[PDB]
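Peer 1: Experimental structure and its sequence below.
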Amino acid sequence: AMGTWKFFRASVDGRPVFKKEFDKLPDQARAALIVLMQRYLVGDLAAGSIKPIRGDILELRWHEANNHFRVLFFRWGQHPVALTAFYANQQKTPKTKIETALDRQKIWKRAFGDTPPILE
């Protein structure tokens with residue numbers, strides 16, 4: 001169901017940074033976000049669920065909970081790579097989160113390559 005999703009870590013060996021962030025969220029929100037991540041791959045999201053943020057960064061938003069839970073990610077070839085997961089109060093995704101996302105994309109691309117290897 002989660003297909004080609006990846007989860008930000010700083011190195012092939014490093015701390016599972018995205019998962020530690022994700023895991024702190026409430027059960028109901030974690031379950032809802034997994035469903036959105038699965039649907040993202042199928043192509044059947046409603047318009048409230050996916051927003052372009054800046055550059056290559058995209059946002060999954062849990063619409064049924066006033067977009068209070070979100071995942072920033074980017075497409076690394078055919079693999080969406082989850083960069084940060086967070087609770088948010090305002091509709092405007094905060095600057096700090098977007099900077100973290102941009103920073104983690106650069107970190108990822110530097111450690112693992114700008115695009116996936118042709119064979120995994």
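Peer 2: Sure, I can see it. Numbers count the residues shown, from 1 in each chain.
Peer 1: Roughly how far does residue 62 sit from residue 78?
Peer 2: Distance, residue 62 to residue 78, using CB to CB, to the nearest Å: 24 Å. Any C-beta I mention is one placed from the backbone N, CA and C, and that applies to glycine too.
Peer 1: The two: who's more crowded?
Peer 2: Taking other CB atoms under 10 Å, residue 62 and residue 78 do not tie; residue 62 has more neighbours (21 against 10).
Peer 1: Can you name the helix or strand that residue 93 falls in?
Peer 2: In this structure, residue 93 is located outside every helix and strand according to DSSP states H and E.
Peer 1: Checking the spatially closest residue to residue 78 that is not a sequence neighbour next. Helix, strand or coil?
Peer 2: Spatial nearest neighbour of residue 78, chain neighbours left out: residue 4 (5.5 Å); criterion: CB to CB, 6 or more residues apart in numbering. The assignment at residue 4 comes out as coil when based on DSSP: H, G, I helix; E, B strand; the rest coil.
Peer 1: What about residue 4, how many residues nearby?
Peer 2: Neighbour count of residue 4, defined by other CB under 10 Å: 14.
Peer 1: swap in the one 3 residues further on?
Peer 2: A total of 17 residues lie near residue 7 under the criterion other CB under 10 Å.
Peer 1: ok so, going back, and the gap between the residue nearest to residue 78 and residue 116?
Peer 2: For residue 4 relative to residue 116 (CB to CB), the value is 9 Å.
Peer 1: shared neighbours of the two, which are they?
Peer 2: Common neighbours of residue 4 and residue 116, counting by CB atoms under 8 Å, 6 or more residues apart in numbering, are 78, 79.
Peer 1: Great, nothing more from me.
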